[PDB]
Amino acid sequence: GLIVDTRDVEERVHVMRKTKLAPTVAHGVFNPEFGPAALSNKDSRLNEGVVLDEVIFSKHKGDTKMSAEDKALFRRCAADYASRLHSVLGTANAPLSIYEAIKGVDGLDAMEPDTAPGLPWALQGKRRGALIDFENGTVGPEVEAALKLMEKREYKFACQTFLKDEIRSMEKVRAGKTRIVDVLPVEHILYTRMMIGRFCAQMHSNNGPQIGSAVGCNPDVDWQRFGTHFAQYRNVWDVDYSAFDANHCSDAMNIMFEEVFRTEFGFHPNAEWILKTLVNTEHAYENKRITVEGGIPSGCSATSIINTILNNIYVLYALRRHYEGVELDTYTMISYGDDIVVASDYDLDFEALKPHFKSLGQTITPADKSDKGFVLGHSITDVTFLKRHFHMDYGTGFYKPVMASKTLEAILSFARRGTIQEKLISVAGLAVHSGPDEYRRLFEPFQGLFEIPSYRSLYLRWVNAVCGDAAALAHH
């Protein structure tokens, strides 16, 4: 978005310097072009004269203003997508109780009891369990007073900026391109879940191309469902965004909230309000307070779903701005936040759509190589979704999510102290789709030191998971 004000204040909000990710035995074997992100300005791996604080906020390059004609069209697309969305999900979108917003429901996982509480609770040295009882699903006086302010629509807040401790490419580590996490206060997350938690639960349960959303999917079993759907189409596009979250313009965000979360769709009047507080935000980083107009904070309850919804409307927006008679059945798509797969039988020109996306402040590029443009004829077996390829399994004839060996090597090369064993079993579930040989090679540095699941046992687990009958068929 657009940084409108940068003010220095005496109260310093500390960020986590020093990585918690340490090199494993695999690191010296695979030697990955990957490492922990830079969290300190004094990190020796950084390029000379590169200030980490400057790069972190470089993504805020402005807040695109839309004309009345573009806003009217966006409203049409948002309303059209909202129509489709609420037709599938239903309109039982009444507020969640405090209990259900903490403990979750079918399709909605419980609130994390031990994560960061946000501001100003972090300045008071308070943990999440001091404000909210996560066992019995009740709140303290601090949160209850804040919920009352949210009812009255008078609630104000700041976002706590944390540097994301994660593995990134050595190029990005050297460029100081550390991603940031905008931690929202716990009561905001609770109230958002109260306002739109039913809806979010319904979206997770009804994931697929019909609503254009993969939020809630299990790639192990859903790759077959998605793969067979997208293979039915003549053209498939792997569309990349840059700073997707940051580049949501206030116009687009506001209109989407207005069209999707209407009271006629069964929402409480405050659902629209609480989401609109994400448009213009105040961010606290160290001694600095930064006001930003536009963009979506990462730490909101429904960041992925909001991002997914917008992504759907953007594609419908872009196409209708260029072509005539474009409807929801003109194409098919699945998204998960900024990650997107688009398909159609019409020879659509995505290179021509570039400026139309730019009118929303979004920059689209092909994921497929550098290429120097979007091309036609690509199938689902060419594209990447959720860092996973679409490969056919030799033994079953089902689509399976295959990750790049280079990526798996990177993931395996680092871990937090004493979590290597638990991480190994978790990553094994991802590595099983690379085949027996690559599976053996990936875990070769770990042999005799940890327990590595056999390829056979995870393959049979997957077969049953993707389709129960296919596992029984290999017995008949």
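Residue indices: 1-based, along the sequence shown.
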The stretch carrying the higher mean Cα B factor in the deposited entry, 140-148 or 366-374, is 366-374
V315: CA temperature factor from the record, placed by chain third, in the lowest
Entry-reported C-alpha B-factor of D437 relative to its chain, by third, is lowest
Split the chain's modelled residues into thirds by Cα B-factor; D43 lands in the highest
Temperature factor at the Cα of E69, chain-ranked in thirds, falls in the middle
Chain-relative C-alpha B factor for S58 (record values, thirds): the highest
